[PDB]
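Chemist: Please read through the structure below; I'll follow up with questions.
Here you go:
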């Protein structure tokens, strides 16, 4: 269960604003079906497809059998089930959760992350960084990964929050995985 | 018959309410049917519950090929009454496990709680109406999410007195308390 | 009389006499339902089918029928909207009849919601349903046991002419409605 | 003549002459229905197809046809909306013709709703339907048996020119409409 | 010559309705390795989509006579596309053009230069009359189309079309798909050729 | 196994400069397309894919590649509504790149509608597109040949800064945009 379920703390848009989200993924023996649930809007659904494609494209580099998708079913779920969520900001979290699940490489505690993923692996800036970082801070998150191009937004963040968080701006998904996973992918 | 049948407490168009959840599992090719005027959030809770079972199949004594060899139908009468929300999550999981294992559900048990893929039980809303419905249904044991403990403090001690309430944190606790074997 | 059951269920005109048809031809397990059916009525067809699949062997049906038969449930008149769960037991009865070749009694009408456990749950609009049966010249009507008290709000002259069998379970329905002992 | 049947059913302008086409090429069981058909008309095609499957053997049709053939039902003119169940017996006839290579008689028109049991049910707008048939130079029209009474609301001069066959069931239809005996 | 010709395979000028009026349609088809899939694109309305379905069925029913093997056919995916991609197009009037394009694509038989066509297709291969003939023929004339195939039942509608447009266009009224294919394709599509002498 | 090409195409918000991404991963012939795409743009992806499929052999691609690959076309930014046919040639280029492993020049952007016959059709809003290319720091821009007329109304500073190549056909696009 835990073994077959990747778990990542993302920061992304919910109906009442940017918030901490626990992104869960299961990767059970199957035949290649992708399921995704959690009152997800279409942009967020599309971010999951992109995140899965990034992993399929890089399977060999990640030490994953390149034909895993014919022998796995994947379910991405984002509780709370009734709360509407949307937008692309959970993309790097989805990718991280999937890699974790497919490799058995656990996700670090005390880490949250926000950022739009692309098929090429680049991490794109997101909006509402202040709201997101405050949520991480309130939630007792120690380390936050943000898109490199959101560095400019750190200025508007209250000083005390900046001091409490360990903030890593990342350009690419390789950096995200190195920082977020317990072992070296 | 108590196999595959679980009393859930979850939201209905006629108030936060009691749900008689039915499941059937027959030899098939792996098709999943869910019926009973279920809203999208409730349908998703079924998918989540089923994934929990798949992830834990061997530990649960279920053949991990059931997804390929069994057709599963989840149905929630009354057929015309709209039902929705995530609160039947742990009941869906319990019903599925029971159906797949032939392990009957205990009489006079109901449960309410949102399920996650990791198996943690999350708090729900409208606890008072759910327990009221439980009380009128002659339920004796009710499983609720651990975080709904505080909400008990707004509930008539009449109802509290006649119910054996178990706040649960995880799905394993649920299966242990709900199943006969 | 095989694969044909007289049900009483809601239509756009109101609760009415309807002939539920079922065909179970050679195929690979495909379900089709037609007849201007609302989603609640569609779901009742699925529940009815699951009841049969779950009890196939005790019903005298080859348990692996569902990968060697295609099934079409049709409810004329094709253009008249119909909905609700009240044809459930009729759907189940028609499926059993079609799959076993046991003809359905033409003197019998039935109404009732079915559950996967094979319980018969009470319905609404009993008065309008039983008036339709009477006007149709139906002698015997099966109703859900919990609808017995609703009989008191239907004219006694109509009820006096009807042989009413309140039922709790699908086995009672099949016993009363099928020409031959299942 | 093969796979083409003259029907009478509702279009946006009214009940009128429909030419119903079917093709049944080798394939793997794809069903396509075109010609701006409304949902009720689409369901009548499904009902008609099931009637044929249920009687395939008796009609000289191999049972495996739903597995071996792609079937396309098309009703020109393509842009004209059509709906209702009154083309049911024509759909059934067209399918039987196509699947057996038995030519349809071009002097016959037909209207009627079909059931899975192969009964022919009464339809609406019989006057508009027969006027169209008559304006169209049709000599023989098959109508549902229970529409006989509706003939008396239609000008006698129109009815006098028509050879009208009331039918109760599908095998009558096929015998009257197909060139060779089915 | 080789280049121009294969650039005419699966390419047909139809005359049918667009949001910029009854106009010229450049219909394209590609037949590539596949599994029997059909795709159709080009901001097509439902009625036009159905005419493509009917056109394909016509081709399928005549596969033997057209020398298209089922073996080959089920190993192919077909994509019908009608640029410009964003312009809405609808109606049944491109039916015979769709059929011509499909036959061409599947048999590698190049469409003749400077032909356009309009007509509703039926499963029996009949060409049914269309609306807006004038505007369609105006669009063909404006485009320097030399030869236009139209439905036989539309011949009566030619009286509203000016003398010069009738002068510049070689109009062939057609009753059946067989006539359309013979007139539109470079090689005779139906049946082997038998030469007789008196 | 991800191809990437800079396209100029219509968006509801922000600039018209986009990165068209295509992945071609082990699969069984499924097409996925994402990026808040309107229907016309979705269709342009299908057209681009078919162009490649029809020319596979000549492009150095196994003709039956689609049996064993899945293709995902994604157009960031993911939440930006975008539409129109103008990314067509970029989509074609990205697919060829992905399937051959030939990288795309990053200093090149392109705009144009693609047909199945491989012709490049003119597009609208050339001015907004070239401005986005200019602000984006793009050196070279491929535009449809029939759009040349439209260059007359572009700022001279933009004209002076950009290397504009009008193109008529997909083969011209490929030789200009692909590196090797």
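Protein chains in written order, with the entry's author numbering: chain A, 591 to 775; chain B, 593 to 773; chain C, 594 to 775; chain D, 594 to 775; chain E, 587 to 784; chain F, 594 to 773.
A virtual CB, placed ideally from N, CA and C, is assigned to each residue, including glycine.
1. Consult DSSP for residue 700(C) and reduce its assignment to one of helix, strand or coil.
2. What did DSSP end up calling residue 716(D) once you bin it into helix, strand or coil?
3. Looking at chain C, which residues of the stretch 636-655 of chain D have a Cβ within less than 7 Å of any of its Cβ atoms?
4. Which residues, taken in chain order from the stretch 653-679 of chain E, show a beta carbon closer than 7 Å to some beta carbon of chain D?
5. I need the straight-line Cα distance from residue 761(A) to residue 670(F), nearest angstrom please.
6. Is DSSP giving residue 843(B) helix, strand or coil here?
7. Given a cut-off of 8 Å, decide if residue 684(E) and residue 697(E) are closer than it, judged by their beta-carbon atoms.
8. Which residues of chain D have a Cβ atom closer than 9 Å to the Cβ of residue 774(E), listed in chain order?
9. For residue 606(D), does the three-state DSSP call read helix, strand or coil?
10. Only counting the same chain, and skipping five residues up and downstream in sequence, which positions put a Cβ closer than 6 Å to that of residue 719(D)?
11. Identify the continuous beta strand (DSSP E) that holds residue 626(B) and give its terminal residues.
12. Alpha carbon to alpha carbon, how far is residue 656(C) from residue 646(C)?
13. For residue 764(E), which residues from the same chain have a beta carbon less than 7 Å from its beta carbon, with the 5 sequence-adjacent residues on both sides left out?
14. Given a limit of 7 Å on CB to CB distance, which residues of the stretch 598-625 of chain D reach chain E?
15. Answer with yes or no whether the minimum CB distance from residue 627(C) to chain D is below 8 Å.
16. Under 8 Å between the Cβ atoms of residue 737(C) and residue 752(C)?
17. Check the Cβ of residue 595(F) against every Cβ in chain A and list those closer than 7 Å, keeping chain order.
18. Identify whether residue 706(F) lies in helix, strand or coil by the three-state DSSP scheme.
19. With a 10 Å radius around its C-beta and 16 neighbouring C-beta atoms as the bar for buried, classify residue 782(E) as buried or exposed.
20. Taking residue 663(D) as part of the beta strand (DSSP E), name the residues at either end of that continuous run.
21. Per DSSP, which residues does residue 599(C) bridge with? Please list them.
22. Could you tell me whether the Cβ of residue 721(E) comes closer than 8 Å to any Cβ of chain D?
23. Quick one: is residue 772(A) buried, meaning 16 or more other Cβ sit within 10 Å of its Cβ, or exposed?
24. Taking only three categories from DSSP, how would you classify residue 757(F)?
25. Using the beta-carbon count (16 or more within 10 Å), is residue 770(C) buried or exposed?
26. According to the neighbour-count rule (16 or more other Cβ atoms, all chains shown, within 10 Å of its Cβ), is residue 648(A) buried or exposed?
27. Got a sec? Which residues, its chain only, sit under 7 Å from residue 594(D) by beta carbon, not counting five neighbours each side?
28. CB-CB under 8 Å to residue 622(E), same chain, minus the five flanking residues each way: which ones, in chain order?
29. Using 8 Å as the threshold, is the C-beta distance between residue 652(D) and residue 693(D) below it?
30. Answer yes or no: does any C-beta atom of chain B fall closer than 8 Å to that of residue 739(C)?
31. Where does the unbroken beta strand (DSSP E) through residue 678(B) begin, and where does it stop?
32. Are there three or more Cβ pairs, one per stretch, closer than 8 Å when the stretch 623-635 of chain C is compared with the stretch 675-684 of chain C?
33. Which of helix, strand or coil does DSSP assign to residue 731(F)?
34. By alpha-carbon positions, which one of 631(A), 629(A), 668(A) and 600(A) ends up nearest to residue 615(A)?
35. Would you mind telling me which residues of chain B sit closer than 7 Å to residue 592(A), beta carbon to beta carbon, in chain order?
Modeler: Working from what's here:
1. Counting from one through the third chain, the residue named residue 700(C) turns up at place 107. DSSP places residue 700(C) outside both helix and strand once states are collapsed to three, so it counts as coil.
2. To locate residue 716(D), count along the fourth chain from 1; it is residue 123. In the structure shown, residue 716(D) sits in coil (DSSP, three-state: anything other than H, G, I, E or B).
3. 636, 637, 639, 640, 643, 646 and 647
4. 656, 677 and 678
5. Position 171 of the first chain, counting from 1, holds the residue named residue 761(A). Position 77 of the sixth chain, counting from 1, holds the residue named residue 670(F). Their Cα atoms are separated by approximately 15 Å.
6. Because residue 843(B) is not part of the residues shown, which for chain B are 593 to 773, the question remains open.
7. On the fifth chain, position 111 is the one that residue 697(E) refers to. On the fifth chain, position 98 is the one that residue 684(E) refers to. No, the Cβ-Cβ distance between residue 697(E) and residue 684(E) is not below 8 Å.
8. Mapped onto the fifth chain, residue 774(E) falls at position 188. What residue 774(E) touches in chain D: nothing, since even the nearest Cβ is about 23 Å away.
9. For the purposes of this step, residue 606(D) is identified with residue 13 of the fourth chain, where counting begins at 1. Collapsing the DSSP output to three states places residue 606(D) in coil.
10. Walking along the fourth chain from the start, residue 719(D) turns up at place 126. 740 and 743.
11. Along the second chain, read from residue 1 onward, the residue named residue 626(B) stands at position 34. Run containing residue 626(B): 624-627, per the beta strand (DSSP E) assignment.
12. To locate residue 656(C), count along the third chain from 1; it is residue 63. To locate residue 646(C), count along the third chain from 1; it is residue 53. Each residue's Cα considered, the two are about 7 Å apart.
13. Here residue 764(E) is taken as the residue at index 178 of the fifth chain, counted from 1. Excluding sequence neighbours, residue 764(E) sits near 711 and 776.
14. 614, 616, 618, 619 and 625
15. Translated into the one-based positions of the third chain, residue 627(C) becomes position 34. True, the Cβ-Cβ gap to chain D drops below 8 Å.
16. Here residue 737(C) is taken as the residue at index 144 of the third chain, counted from 1. Here residue 752(C) is taken as the residue at index 159 of the third chain, counted from 1. No.
17. In the sixth chain, counting from the first residue as 1, residue 595(F) sits at position 2. What residue 595(F) touches in chain A: 647, 709 and 710.
18. For this step, residue 706(F) is matched to residue 113 along the sixth chain. In the three-state reduction of the DSSP assignment, residue 706(F) falls in the strand class.
19. Within the fifth chain, the letter at position 196 stands for residue 782(E). Exposed: under 16 other Cβ atoms inside 10 Å.
20. As a first step, residue 663(D) must be located in the fourth chain, where it is residue number 70. That run of the beta strand (DSSP E) goes 662-667.
21. Taking the third chain and counting its residues from 1, the one referred to as residue 599(C) is at position 6. In DSSP, residue 599(C) forms a bridge with 612(C) and 702(C).
22. To locate residue 721(E), count along the fifth chain from 1; it is residue 135. So no, residue 721(E) is outside the interface.
23. Within the first chain, the letter at position 182 stands for residue 772(A). By the neighbour-count rule (16 or more Cβ atoms within 10 Å), residue 772(A) is not buried but exposed.
24. Locating residue 757(F) in the sixth chain gives position 164, where the first residue counts as 1. Correct three-state label for residue 757(F): strand.
25. As a working mapping, residue 770(C) is identified with position 177 in the third chain. Per the 10 Å Cβ criterion, buried.
26. Start at 1 with the first residue of the first chain, and residue 648(A) comes out as number 58. Buried: at least 16 other Cβ atoms inside 10 Å.
27. Residue 594(D) sits at position 1 when you count from the first residue of the fourth chain. Shown here for residue 594(D): same chain residues with a beta carbon closer than 7 Å to its own, the five before and five after excluded, namely 696, 697, 699 and 772 in chain order.
28. Start at 1 with the first residue of the fifth chain, and residue 622(E) comes out as number 36. These residues qualify, in order along the chain: 659, 660, 661, 662 and 663.
29. As a working mapping, residue 652(D) is identified with position 59 in the fourth chain. As a working mapping, residue 693(D) is identified with position 100 in the fourth chain. Yes, the pair counts as a contact, with Cβ atoms nearer than the cut-off.
30. Locating residue 739(C) in the third chain gives position 146, where the first residue counts as 1. No, no contact with chain B.
31. Along the second chain, one-based indexing puts residue 678(B) at 86. From DSSP, residue 678(B) is part of no beta strand (DSSP E); its letter is neither H nor E.
32. yes
33. Taking the sixth chain and counting its residues from 1, one reaches residue 731(F) at position 138. Residue state for residue 731(F) is assigned as coil, using DSSP reduced to three classes.
34. One-based indexing of the first chain puts residue 615(A) at position 25. If we check each option's Cα against that of residue 615(A), 668(A) comes out closest.
35. Within the first chain, the letter at position 2 stands for residue 592(A). Going along chain B in sequence order, the residues near residue 592(A) (Cβ under 7 Å) are 710.
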